[PDB]
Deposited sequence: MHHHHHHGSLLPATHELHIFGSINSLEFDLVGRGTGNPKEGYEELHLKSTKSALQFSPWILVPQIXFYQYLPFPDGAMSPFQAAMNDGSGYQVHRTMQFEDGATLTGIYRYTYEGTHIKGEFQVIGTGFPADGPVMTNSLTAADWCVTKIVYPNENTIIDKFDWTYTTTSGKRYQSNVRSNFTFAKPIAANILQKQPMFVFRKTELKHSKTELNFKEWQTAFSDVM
């Protein structure tokens, strides 16, 4: 899109400001990343602007860019099409954990050419003081299949069952739904591609002040 950029306008770089609180404990992180929007790969570095995180940095995954996700056959995903034409979308995600904790993420983006700027507000509450989030006991996130559905032409809901492994070997579960609101209607040729799934893998290296994150995503309508 754009008189001096004739191809699709897909992301090459991003930056994130993520902030909010977990059990009223305030956090704020900023950082920059890159990725490959033809392969569904992204990576991001973050650093606290407020000293050490008093909870598992893994509770920020998957809060920490579907603009890097292509659809099959080199097609644009609806996320990519909304960045391509400047119209955009918003996200409102809610995670509901097996221990009654809730985590809401509110994601907003602006775009400058192939660079994305994210402002994500995240609020989590009701994490038990001896549970794995507050004791920093999460070790990894399981690989995950999300299903994409379209309640109308301007909305997507994605849905997934999200599980971490913990230092004890036990899993820690939540139900996640993400409501996407698009400023412009999603193209009919995307809407007809149902059902659609996305396989995702994440990695995270962290200290108490810094995060180094990676995600691979692959959309698929079949395996067989």
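The chain's deposited sequence has unresolved stretches at 1, 66, with no C-alpha coordinates there.
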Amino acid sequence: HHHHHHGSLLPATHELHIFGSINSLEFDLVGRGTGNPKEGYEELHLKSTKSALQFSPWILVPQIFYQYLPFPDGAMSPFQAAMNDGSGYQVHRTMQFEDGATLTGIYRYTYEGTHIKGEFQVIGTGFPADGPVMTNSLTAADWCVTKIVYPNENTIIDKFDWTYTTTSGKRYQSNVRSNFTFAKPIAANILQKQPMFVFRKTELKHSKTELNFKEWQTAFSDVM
From here on, numbers count along this sequence of modelled residues.
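When the mean C-alpha temperature factors of 176 to 184 and 43 to 51 are read from the deposited coordinates, 43 to 51 comes out higher. When 102 to 110 is weighed against 123 to 131, 123 to 131 comes out higher, by mean CA B-factor as recorded in the entry. Comparing the listed residues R200, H17, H206, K214, the entry records the largest Cα B-factor for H206. Per-chain ranking of the deposited C-alpha B factor places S56 in the middle third. The entry lists a Cα temperature factor for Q96 that places it in the middle third of the chain's modelled residues. For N136, the recorded CA temperature factor ranks within the highest third of the chain's modelled residues. The PDB entry assigns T146 a C-alpha temperature factor belonging to the lowest third of its chain's modelled residues.
In this PDB entry, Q90 carries a Cα temperature factor that places it within the lowest third of its chain's modelled residues.
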